[PDB]
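Engineer: Sharing coords-v2.txt, compact mmCIF, C-alpha atoms and all ligand atoms:
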```
# COMPACT_ATOMS: atom_id res chain seq x y z
CA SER A 2 86.73 78.82 83.52
CA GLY A 3 88.43 76.64 86.19
CA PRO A 4 87.21 75.68 89.70
CA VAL A 5 84.99 77.88 91.92
CA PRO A 6 87.09 79.53 94.76
CA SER A 7 86.56 78.71 98.49
CA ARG A 8 87.77 80.03 101.87
CA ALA A 9 87.71 78.90 105.54
CA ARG A 10 84.60 79.89 107.55
CA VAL A 11 86.85 80.51 110.66
CA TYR A 12 90.36 82.11 111.12
CA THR A 13 90.17 83.15 107.47
CA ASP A 14 92.53 86.16 107.65
CA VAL A 15 94.69 85.27 110.72
CA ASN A 16 97.92 85.09 108.62
CA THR A 17 97.01 88.05 106.35
CA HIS A 18 96.98 90.42 109.39
CA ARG A 19 100.29 88.89 110.61
CA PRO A 20 103.82 90.05 109.62
CA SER A 21 105.53 87.91 106.93
CA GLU A 22 108.12 86.66 109.51
CA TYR A 23 105.32 84.53 111.08
CA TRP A 24 104.41 82.53 107.92
CA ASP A 25 107.42 83.20 105.60
CA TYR A 26 109.27 80.01 106.69
CA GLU A 27 111.63 80.16 103.67
CA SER A 28 113.18 83.36 105.22
CA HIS A 29 113.24 81.88 108.78
CA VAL A 30 116.81 81.48 110.10
CA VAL A 31 117.26 78.12 111.80
CA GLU A 32 119.94 77.90 114.49
CA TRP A 33 121.21 74.38 115.29
CA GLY A 34 122.70 73.61 118.73
CA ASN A 35 125.34 70.92 119.40
CA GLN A 36 123.91 67.35 119.62
CA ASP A 37 126.68 66.45 122.18
CA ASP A 38 124.22 67.60 124.95
CA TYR A 39 122.06 64.56 124.07
CA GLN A 40 122.85 60.85 124.49
CA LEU A 41 120.78 58.51 122.29
CA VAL A 42 119.33 55.57 124.35
CA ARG A 43 117.23 53.40 121.95
CA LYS A 44 115.45 53.56 118.55
CA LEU A 45 111.67 54.06 118.87
CA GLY A 46 110.65 54.01 115.19
CA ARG A 47 111.59 54.60 111.55
CA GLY A 48 109.75 56.75 109.01
CA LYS A 49 110.27 57.40 105.29
CA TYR A 50 112.60 60.39 105.95
CA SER A 51 113.09 60.09 109.74
CA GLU A 52 114.64 57.92 112.52
CA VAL A 53 113.18 58.49 116.01
CA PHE A 54 115.17 57.80 119.22
CA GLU A 55 114.60 58.05 122.97
CA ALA A 56 117.40 60.17 124.46
CA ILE A 57 118.77 61.82 127.59
CA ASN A 58 119.74 65.49 127.84
CA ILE A 59 123.08 65.08 129.74
CA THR A 60 122.92 68.70 131.16
CA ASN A 61 119.70 68.07 133.20
CA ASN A 62 119.24 64.21 133.11
CA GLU A 63 115.81 64.58 131.39
CA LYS A 64 114.44 62.10 128.81
CA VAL A 65 113.64 63.56 125.35
CA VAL A 66 112.69 62.24 121.90
CA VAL A 67 115.19 62.93 119.04
CA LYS A 68 113.91 62.84 115.42
CA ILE A 69 116.95 62.53 113.08
CA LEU A 70 115.34 64.07 109.95
CA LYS A 71 116.85 62.73 106.69
CA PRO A 72 117.61 65.94 104.65
CA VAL A 73 115.41 64.65 101.75
CA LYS A 74 114.04 68.20 101.16
CA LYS A 75 115.02 71.48 102.91
CA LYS A 76 112.38 74.27 103.31
CA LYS A 77 110.02 71.42 104.35
CA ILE A 78 112.16 71.11 107.53
CA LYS A 79 112.21 74.95 107.68
CA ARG A 80 108.39 74.81 107.35
CA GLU A 81 108.11 72.16 110.15
CA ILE A 82 110.51 74.05 112.51
CA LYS A 83 108.72 77.37 111.87
CA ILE A 84 105.36 75.79 112.55
CA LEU A 85 106.65 73.96 115.67
CA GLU A 86 108.15 77.21 117.05
CA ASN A 87 104.91 79.14 116.33
CA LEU A 88 102.75 76.54 118.12
CA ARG A 89 105.28 75.77 120.93
CA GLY A 90 103.41 75.70 124.24
CA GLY A 91 99.91 75.39 122.75
CA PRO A 92 97.39 72.93 124.30
CA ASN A 93 98.24 69.32 123.37
CA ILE A 94 100.84 70.38 120.77
CA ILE A 95 104.15 68.42 120.85
CA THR A 96 106.87 70.71 122.30
CA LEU A 97 109.94 71.22 120.16
CA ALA A 98 112.50 71.43 123.03
CA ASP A 99 115.60 71.99 120.84
CA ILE A 100 117.06 71.87 117.29
CA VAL A 101 120.53 70.25 116.99
CA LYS A 102 123.15 68.84 114.63
CA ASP A 103 125.68 66.11 115.27
CA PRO A 104 129.19 67.62 114.79
CA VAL A 105 130.54 64.76 112.56
CA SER A 106 127.47 63.80 110.39
CA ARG A 107 126.03 67.37 110.30
CA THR A 108 122.59 65.65 110.15
CA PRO A 109 119.62 67.86 111.23
CA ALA A 110 117.82 66.65 114.40
CA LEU A 111 114.65 67.84 116.17
CA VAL A 112 114.43 67.36 119.95
CA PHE A 113 110.94 66.92 121.45
CA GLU A 114 109.41 66.52 124.90
CA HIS A 115 109.17 62.87 125.89
CA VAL A 116 105.74 61.22 125.74
CA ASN A 117 105.34 57.81 127.41
CA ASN A 118 103.01 56.51 124.66
CA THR A 119 100.40 53.76 125.20
CA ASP A 120 100.24 51.40 122.15
CA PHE A 121 97.26 52.18 119.84
CA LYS A 122 96.22 48.49 119.47
CA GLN A 123 96.38 48.23 123.31
CA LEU A 124 94.47 51.55 123.83
CA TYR A 125 91.72 50.83 121.19
CA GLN A 126 90.56 47.74 123.27
CA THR A 127 90.46 49.31 126.82
CA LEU A 128 88.87 52.74 126.00
CA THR A 129 85.29 53.35 127.22
CA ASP A 130 82.66 55.73 125.73
CA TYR A 131 83.90 58.42 128.23
CA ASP A 132 87.61 57.95 127.27
CA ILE A 133 86.73 58.46 123.54
CA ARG A 134 84.79 61.70 124.33
CA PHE A 135 87.67 62.89 126.62
CA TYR A 136 90.48 62.29 124.07
CA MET A 137 88.40 63.60 121.10
CA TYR A 138 87.95 66.87 123.08
CA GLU A 139 91.75 66.99 123.78
CA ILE A 140 92.40 66.67 120.00
CA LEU A 141 89.87 69.47 119.31
CA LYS A 142 91.78 71.78 121.72
CA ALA A 143 94.98 71.17 119.66
CA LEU A 144 93.11 71.66 116.36
CA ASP A 145 91.18 74.82 117.36
CA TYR A 146 94.51 76.20 118.67
CA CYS A 147 96.58 75.47 115.51
CA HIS A 148 93.72 76.63 113.17
CA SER A 149 93.55 79.88 115.29
CA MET A 150 97.31 80.16 114.69
CA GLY A 151 96.63 79.96 110.94
CA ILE A 152 97.94 76.42 110.60
CA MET A 153 96.43 73.21 109.17
CA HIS A 154 98.05 69.88 110.30
CA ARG A 155 97.13 68.04 107.04
CA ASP A 156 98.14 64.63 108.54
CA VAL A 157 95.52 63.89 111.27
CA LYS A 158 95.59 60.12 112.04
CA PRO A 159 95.83 57.78 115.10
CA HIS A 160 99.64 57.32 114.78
CA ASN A 161 100.07 61.15 115.02
CA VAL A 162 98.06 61.20 118.31
CA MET A 163 100.33 60.25 121.25
CA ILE A 164 98.50 59.35 124.50
CA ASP A 165 100.03 58.68 127.94
CA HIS A 166 96.74 57.10 129.26
CA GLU A 167 98.08 56.71 132.89
CA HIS A 168 98.53 60.52 133.02
CA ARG A 169 95.55 61.17 130.61
CA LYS A 170 98.03 63.26 128.52
CA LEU A 171 97.59 63.73 124.76
CA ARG A 172 99.93 65.30 122.12
CA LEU A 173 99.36 65.93 118.40
CA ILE A 174 102.74 65.12 116.73
CA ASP A 175 104.46 65.08 113.26
CA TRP A 176 103.86 68.59 111.82
CA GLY A 177 106.04 67.83 108.74
CA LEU A 178 103.01 68.06 106.39
CA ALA A 179 101.52 71.13 108.14
CA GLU A 180 101.00 74.41 106.25
CA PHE A 181 100.02 78.05 106.81
CA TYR A 182 96.48 78.86 105.70
CA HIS A 183 96.23 81.85 103.27
CA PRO A 184 92.74 82.56 101.78
CA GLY A 185 92.56 81.70 98.07
CA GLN A 186 95.87 79.74 98.12
CA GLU A 187 96.03 76.56 96.01
CA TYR A 188 97.76 73.78 97.96
CA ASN A 189 99.30 70.40 96.97
CA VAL A 190 96.61 67.68 97.40
CA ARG A 191 99.27 64.96 98.02
CA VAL A 192 98.91 65.28 101.84
CA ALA A 193 97.52 63.11 104.71
CA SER A 194 97.44 59.29 104.91
CA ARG A 195 95.14 57.64 102.29
CA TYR A 196 92.48 56.57 104.85
CA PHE A 197 92.21 60.14 106.26
CA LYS A 198 92.45 62.07 102.94
CA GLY A 199 89.39 64.35 102.56
CA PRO A 200 87.30 64.24 99.32
CA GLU A 201 88.74 67.63 98.24
CA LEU A 202 92.24 66.04 97.88
CA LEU A 203 90.91 62.92 96.05
CA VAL A 204 89.01 65.09 93.50
CA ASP A 205 92.12 67.39 93.26
CA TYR A 206 90.45 70.60 94.63
CA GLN A 207 93.50 72.67 95.69
CA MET A 208 91.69 75.56 97.52
CA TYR A 209 91.12 73.62 100.78
CA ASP A 210 91.46 74.82 104.40
CA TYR A 211 91.44 73.81 108.16
CA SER A 212 88.26 71.80 107.42
CA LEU A 213 90.54 69.05 105.84
CA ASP A 214 91.61 68.33 109.48
CA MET A 215 87.94 68.03 110.57
CA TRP A 216 87.36 65.32 107.87
CA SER A 217 90.43 63.35 109.14
CA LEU A 218 89.17 63.71 112.75
CA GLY A 219 85.76 62.32 111.64
CA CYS A 220 87.55 59.27 110.11
CA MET A 221 89.27 58.66 113.50
CA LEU A 222 86.01 59.06 115.46
CA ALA A 223 84.20 56.57 113.13
CA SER A 224 86.98 53.98 113.50
CA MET A 225 86.94 54.38 117.31
CA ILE A 226 83.18 54.25 117.98
CA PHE A 227 82.53 51.45 115.40
CA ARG A 228 85.79 49.50 116.14
CA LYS A 229 86.58 49.35 112.35
CA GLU A 230 90.14 50.49 111.50
CA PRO A 231 90.41 52.26 109.11
CA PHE A 232 86.79 53.34 108.40
CA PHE A 233 87.25 54.30 104.71
CA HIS A 234 89.50 51.38 103.67
CA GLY A 235 90.82 52.46 100.25
CA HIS A 236 93.57 50.46 98.46
CA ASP A 237 94.70 53.53 96.43
CA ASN A 238 93.77 57.28 96.16
CA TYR A 239 91.22 56.54 93.42
CA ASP A 240 89.63 53.65 95.40
CA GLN A 241 89.59 55.76 98.60
CA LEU A 242 86.94 58.11 97.03
CA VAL A 243 84.96 55.05 95.87
CA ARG A 244 84.98 53.89 99.59
CA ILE A 245 83.67 57.34 100.76
CA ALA A 246 80.95 57.15 98.01
CA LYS A 247 79.93 53.63 99.28
CA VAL A 248 78.77 55.34 102.56
CA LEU A 249 77.82 58.97 101.59
CA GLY A 250 76.31 58.06 98.15
CA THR A 251 77.29 59.21 94.61
CA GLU A 252 74.56 61.94 94.45
CA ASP A 253 76.29 64.33 96.94
CA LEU A 254 79.72 63.67 95.25
CA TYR A 255 78.32 65.08 91.98
CA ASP A 256 76.47 67.89 93.91
CA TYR A 257 79.87 68.74 95.61
CA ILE A 258 81.93 68.61 92.34
CA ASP A 259 79.19 70.76 90.63
CA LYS A 260 79.11 73.34 93.49
CA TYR A 261 82.88 73.84 93.05
CA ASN A 262 83.03 73.24 89.23
CA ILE A 263 85.50 70.29 89.76
CA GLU A 264 86.64 68.14 86.78
CA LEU A 265 86.74 64.44 87.84
CA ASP A 266 89.85 62.55 86.66
CA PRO A 267 89.03 59.99 83.84
CA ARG A 268 90.45 57.24 86.14
CA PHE A 269 87.18 57.49 88.14
CA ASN A 270 85.04 56.61 85.04
CA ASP A 271 84.98 52.79 85.41
CA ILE A 272 85.43 52.51 89.24
CA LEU A 273 83.03 55.14 90.74
CA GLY A 274 79.69 53.44 90.03
CA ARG A 275 76.33 54.35 91.66
CA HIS A 276 75.78 54.24 95.47
CA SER A 277 73.14 55.25 98.14
CA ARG A 278 73.49 57.31 101.38
CA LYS A 279 73.72 54.92 104.37
CA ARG A 280 72.31 55.46 107.86
CA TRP A 281 75.16 55.67 110.45
CA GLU A 282 73.11 53.19 112.64
CA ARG A 283 73.93 50.41 110.08
CA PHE A 284 77.52 50.33 111.50
CA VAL A 285 76.31 49.53 115.05
CA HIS A 286 76.97 45.90 116.15
CA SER A 287 77.27 43.92 119.44
CA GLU A 288 81.05 44.57 119.65
CA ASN A 289 80.75 48.41 119.41
CA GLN A 290 77.25 49.34 120.82
CA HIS A 291 78.82 50.30 124.21
CA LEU A 292 80.71 53.16 122.35
CA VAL A 293 77.78 54.40 120.21
CA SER A 294 75.03 56.90 121.17
CA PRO A 295 72.63 59.18 119.17
CA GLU A 296 74.96 62.13 120.17
CA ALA A 297 78.07 60.32 118.74
CA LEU A 298 76.21 59.57 115.46
CA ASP A 299 74.87 63.16 115.07
CA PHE A 300 78.42 64.50 115.73
CA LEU A 301 80.04 62.08 113.18
CA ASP A 302 77.36 63.00 110.58
CA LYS A 303 78.35 66.69 110.96
CA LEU A 304 82.13 65.98 110.35
CA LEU A 305 81.96 63.40 107.54
CA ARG A 306 80.48 65.59 104.80
CA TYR A 307 81.76 65.91 101.18
CA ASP A 308 81.41 69.71 101.32
CA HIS A 309 84.41 71.00 103.34
CA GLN A 310 82.47 74.25 104.09
CA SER A 311 79.52 72.26 105.62
CA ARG A 312 81.73 70.41 108.20
CA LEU A 313 81.77 71.57 111.86
CA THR A 314 84.78 73.80 112.69
CA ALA A 315 86.89 72.64 115.70
CA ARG A 316 85.23 75.41 117.83
CA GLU A 317 81.70 74.30 116.73
CA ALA A 318 82.64 70.64 117.36
CA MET A 319 83.64 71.53 121.00
CA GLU A 320 80.04 72.84 121.61
CA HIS A 321 78.42 69.55 120.41
CA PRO A 322 76.20 67.61 122.93
CA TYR A 323 78.61 64.63 122.49
CA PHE A 324 81.04 66.56 124.81
CA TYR A 325 78.49 67.62 127.51
CA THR A 326 79.93 64.90 129.86
CA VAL A 327 83.52 66.28 129.49
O1 LIG B 401 90.93 57.37 122.60
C1 LIG B 401 91.02 57.96 121.38
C2 LIG B 401 90.07 58.84 120.91
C3 LIG B 401 90.30 59.55 119.74
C4 LIG B 401 91.47 59.43 119.06
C5 LIG B 401 92.48 58.53 119.49
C6 LIG B 401 93.70 58.36 118.80
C7 LIG B 401 94.61 57.43 119.20
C8 LIG B 401 94.36 56.62 120.30
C9 LIG B 401 93.21 56.77 121.02
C10 LIG B 401 92.24 57.75 120.66
```
Since I need it in another form, could you write the structure as structure tokens?

Structural biologist:
Amino acid sequence: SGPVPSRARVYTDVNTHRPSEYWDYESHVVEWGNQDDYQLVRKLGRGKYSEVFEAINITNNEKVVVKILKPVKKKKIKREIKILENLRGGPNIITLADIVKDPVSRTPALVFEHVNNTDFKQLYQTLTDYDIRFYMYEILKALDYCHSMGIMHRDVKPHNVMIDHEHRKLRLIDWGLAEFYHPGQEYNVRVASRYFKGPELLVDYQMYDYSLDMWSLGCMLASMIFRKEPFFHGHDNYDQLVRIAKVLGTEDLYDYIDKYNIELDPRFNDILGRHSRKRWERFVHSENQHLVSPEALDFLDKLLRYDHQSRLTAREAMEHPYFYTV
């Protein structure tokens, strides 16, 4: 009679005991300042619904980042602004400094604190075993904080992790896919980048929680310690699950779908196959052995699990021996 329900093991009722104003983003009143206080300097990047610029606040001569959001869908922006305002000031959370509109275009624009980002492809080659442990712990601080605030990022990936390595500063950015956790709520599974999508989304199990973020974090850790980017290299959403199965075996996938009474899409019939559970040590090679340790492997094993309930919470992850040196 449908799928078996599930709930978060931590911060389960944090939003339930909160007033609706905190999580009712649809009712949140957004007030837009004048963009004339900001002078655009140069374009930094371009997203599907966003153009990002480096800018100067002409009232204090401070550099900022301006995200000109394309009004593809309102409420989503309301959701992102409400979440950004709720988390504003939290450890390693990007600071939303202002919300503005250009007088002529009337285009919505989010103003963030400036982060002097080190290129990922440049970072990935200079980071030591210590650096990986350090930055993973910084990400866990941001995740345990937003989960405690009843929020799941739902888009954890390297490009959403901004690091100023010189200043050892880290920020979790892009909260446009983030959502408020409400126990028993069925969410849209079309979230996260393919490589970091958790098995719950690929099997279309809508009653997921903060643990989705812990799966994505595990994908990042695996790519970093094994120097294989991405780790689960799917070519589509269907193939992505097949790639997870090629490492965690097809036995636990059926155990997981049976535990939650999940109906597998017929598209999986001819592509899924039969696979065995691999030892994490099989991914160790000469090029990555300086980043691997029994602690790192035990920690990874406890994040990359089919069962979202069985994964370490961000708070449990922070207590792992892998972080004793931080
Ligand atoms: O050093 C790292 C550790 C964990 C995650 C990272 C994400 C981006 C760039 C570097 C990272």

Engineer: 6 Å from ligand LIG 401 (chain B) is the threshold here; counting only C-alpha atoms and all ligand atoms, which polymer residues fall inside it? Answer as a PDB file with C-alpha atoms, keeping the file's coordinate frame.

Structural biologist:
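Output saved as selection-v1.pdb:
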```pdb
ATOM      1  CA  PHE A 121      97.260  52.180 119.840  1.00  0.00           C
ATOM      2  CA  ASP A 132      87.610  57.950 127.270  1.00  0.00           C
ATOM      3  CA  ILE A 133      86.730  58.460 123.540  1.00  0.00           C
ATOM      4  CA  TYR A 136      90.480  62.290 124.070  1.00  0.00           C
ATOM      5  CA  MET A 137      88.400  63.600 121.100  1.00  0.00           C
ATOM      6  CA  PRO A 159      95.830  57.780 115.100  1.00  0.00           C
ATOM      7  CA  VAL A 162      98.060  61.200 118.310  1.00  0.00           C
TER       8      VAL A 162
END
```

Engineer: Give as a PyMOL selection string every residue, naming chains and numbers as the document does, that has an atom within 9 Å of (78.6, 50.0, 118.5), counting all atoms listed in the file.

Structural biologist: chain A and resi 226-228+282+284-294

Engineer: To one decimal place, how far is atom CA of residue A:241 from atom CA of residue A:301 in Å?

Structural biologist: 18.5 Å

Engineer: Taking into account all atoms listed in the file, which residue in the set A:242, A:105, A:153, A:69 is nearest to residue A:213?

Structural biologist: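 Of A:242, A:105, A:153, A:69, the one nearest residue A:213, counting all atoms listed in the file, is A:153.
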
Engineer: Need to verify the contact set: stretch 197-203 of chain A, 7 Å, all atoms listed in the file, exclusion of same-chain residues closer than 5 positions in sequence. Can you return it as a PyMOL selection string?

Structural biologist: chain A and resi 158+190+209+213+216-217+220+238-239+242+307

Engineer: Calculate how many Å separate atom CA of residue A:47 from atom CA of residue A:119, rounding to one decimal.

Structural biologist: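 Distance reported for this atom pair: 17.7 Å.
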
Engineer: Out of A:163, A:173, A:147, A:208, which residue has the shortest atom-to-atom distance to residue A:124 when counting all atoms listed in the file?

Structural biologist: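 Using all atoms listed in the file, residue A:124 sits closest to A:163.
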
Engineer: Have a look at atom CA of residue A:215 and atom CA of residue A:46 and let me know their distance in Å, one decimal.

Structural biologist: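 Those two atoms sit 27.1 Å apart.
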
Engineer: Which is closer to residue A:317 than all the others in A:157, A:15, A:141, A:254, using only C-alpha atoms?

Structural biologist: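 When distances to residue A:317 are compared using only C-alpha atoms, the smallest one comes from A:141.
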
Engineer: Give me the residues within 10 Å of residue A:59 as number ranges by chain, counting all atoms listed in the file and dropping any in the same chain fewer than 3 places off.

Structural biologist: A: 37-40, 56, 62-64

Engineer: I'd like the neighbourhood of residue A:117 as a short mmCIF file (atom, residue, chain, number, x, y, z; two decimals) with C-alpha atoms, in the frame of the given file, where a residue qualifies if any of its atoms comes within 10 Å (using all atoms listed in the file), though same-chain residues fewer than 2 positions away should be ignored.

Structural biologist:
```cif
data_model
loop_
_atom_site.label_atom_id
_atom_site.label_comp_id
_atom_site.auth_asym_id
_atom_site.auth_seq_id
_atom_site.Cartn_x
_atom_site.Cartn_y
_atom_site.Cartn_z
CA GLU A 114 109.41 66.52 124.90
CA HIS A 115 109.17 62.87 125.89
CA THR A 119 100.40 53.76 125.20
CA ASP A 120 100.24 51.40 122.15
CA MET A 163 100.33 60.25 121.25
CA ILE A 164 98.50 59.35 124.50
CA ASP A 165 100.03 58.68 127.94
CA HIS A 166 96.74 57.10 129.26
CA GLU A 167 98.08 56.71 132.89
CA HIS A 168 98.53 60.52 133.02
CA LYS A 170 98.03 63.26 128.52
#
```

Engineer: With a distance cut-off of 8 Å and only C-alpha atoms, select the neighbouring residues of residue A:103, excluding the residue or stretch itself and same-chain residues fewer than 6 positions from it, and output the selection as a count of residues only.

Structural biologist: 5

Engineer: If you count only C-alpha atoms, which residues fall within 10 Å of residue A:274, apart from same-chain ones fewer than 2 positions away, as an MDAnalysis selection string?

Structural biologist: chainID A and resid 243 246:247 250:251 269:272 276

Engineer: Where does stretch 45-130 of chain A meet stretch 25-30 of chain A within 10 Å, residue by residue, with the nearest atom pair and distance in Å to one decimal for each, counting all atoms listed in the file, listed by chain and rising number, as JSON lines?

Structural biologist:
```
{"residue": "A:75", "atom": "CA", "partner": "A:27", "partner_atom": "CA", "distance": 9.3}
{"residue": "A:76", "atom": "CA", "partner": "A:27", "partner_atom": "CA", "distance": 5.9}
{"residue": "A:77", "atom": "CA", "partner": "A:27", "partner_atom": "CA", "distance": 8.9}
{"residue": "A:78", "atom": "CA", "partner": "A:26", "partner_atom": "CA", "distance": 9.4}
{"residue": "A:79", "atom": "CA", "partner": "A:26", "partner_atom": "CA", "distance": 5.9}
{"residue": "A:80", "atom": "CA", "partner": "A:26", "partner_atom": "CA", "distance": 5.3}
{"residue": "A:81", "atom": "CA", "partner": "A:26", "partner_atom": "CA", "distance": 8.7}
{"residue": "A:82", "atom": "CA", "partner": "A:26", "partner_atom": "CA", "distance": 8.4}
{"residue": "A:83", "atom": "CA", "partner": "A:26", "partner_atom": "CA", "distance": 5.8}
{"residue": "A:84", "atom": "CA", "partner": "A:26", "partner_atom": "CA", "distance": 8.2}
```

Engineer: Which one is closest to residue A:326: A:252, A:185, A:263, A:138? Count only C-alpha atoms.

Structural biologist: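 Checking each candidate against residue A:326, we get A:138 as the closest.
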